[PDB]
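Novice: This structure is in structure tokens; I'll ask about it shortly.
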Amino acid sequence: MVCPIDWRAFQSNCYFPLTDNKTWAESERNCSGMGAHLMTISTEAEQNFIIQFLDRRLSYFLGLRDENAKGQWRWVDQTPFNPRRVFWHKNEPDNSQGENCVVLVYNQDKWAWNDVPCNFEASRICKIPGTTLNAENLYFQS
């Protein structure tokens, strides 16, 4: 909720969109170190509000990880797989195989989850919890 500079405060979380080129592995790697995680869509509002900050052309990595077509859809954050909230793009062929990580892509003029090889580089969203309250002496040291 309280976050540095341009982190979009929403509810209790903060979401920062990046248009740089990173793999899902590197985006998870560059995130988390900031106390944040990749864009983990907890609510349909998380989605519908973040796509207002996202550019209608880039594809932004989400925190949904599967690591071998295991069926282990988990958000790298804490958020479990939302059974009521699965926003697939469509019956999308793409190229997804092996490791599969969903991104928010604007295609067919619709924002939706598109799962792509996590070794692919694309844009990303980083989400940090309102942990700034805990970072009082923490960041005072750091």
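One-based numbering along the chain as shown.
Technique stated in the header: solution NMR.
Note that Cβ sites are derived from N, Cα and C of the backbone, with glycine treated the same way.
Taken from Swiss-Prot, the feature disulfide bond covers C3-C14, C31-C126, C101-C118. Look at Swiss-Prot and you will find 10-127 tagged as domain 'C-type lectin'. Look at Swiss-Prot and you will find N21, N30 tagged as N-linked glycosylation site, backed by sequence analysis. Residues or ranges marked as Ca(2+) binding site in Swiss-Prot: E92, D94, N114, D115.
According to the PDB entry, the feature expression tag maps to 135-142.
Where in this structure would I find these features, and how exposed are they?
Specialist: Residues near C3 (disulfide bond) in space but far in sequence (CB under 8 A, at least 6 apart, same chain), listed by position: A9, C14, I128, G130, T132. DSSP assigns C3 (disulfide bond) to coil, not to a helix or a strand.
Of all Cβ atoms in the protein chains displayed, 12 besides its own lie within 10 Å of the Cβ of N21 (N-linked glycosylation site). In the three-state DSSP reading, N21 (N-linked glycosylation site) counts as strand.
Cβ environment of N30 (N-linked glycosylation site): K22, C126 lie under 8 Å away, each six or more residues apart in the same chain.
For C31 (disulfide bond), the Cβ neighbour count at a 10 Å cut-off comes to 25, with all displayed protein chains included.
In sequence order, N114, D115 constitute the residues six or more apart from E92 (Ca(2+) binding site) in its chain with CB-CB distances below 8 Å.
Annotation note: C101 (disulfide bond) sits in a strand segment as assigned by DSSP.
The DSSP breakdown of the expression tag (135-142) into helical (H, G, I), extended (E, B) and coil residues amounts to 7 helix, 0 strand, 1 coil.
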Novice: How about long-range neighbours of the expression tag (135-142): same chain, 6 or more residues beyond its ends, C-beta under 8 Å?
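Specialist: Same-chain residues near the expression tag (135-142) but 6 or more away: 35.
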Novice: Given the disulfide-bonded residues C14, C101, which one is most crowded in terms of C-beta atoms within 10 angstroms?
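Specialist: Counting every other Cβ within 10 Å of each candidate, the maximum falls on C101.
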Novice: Using a 10 Å radius around each Cβ and all protein chains in view, which of these binding-site residues has the most neighbours: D94, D115?
Specialist: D115
Novice: How many other Cβ atoms sit within 10 Å of the Cβ of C118 (disulfide bond)?
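Specialist: That number is 22.
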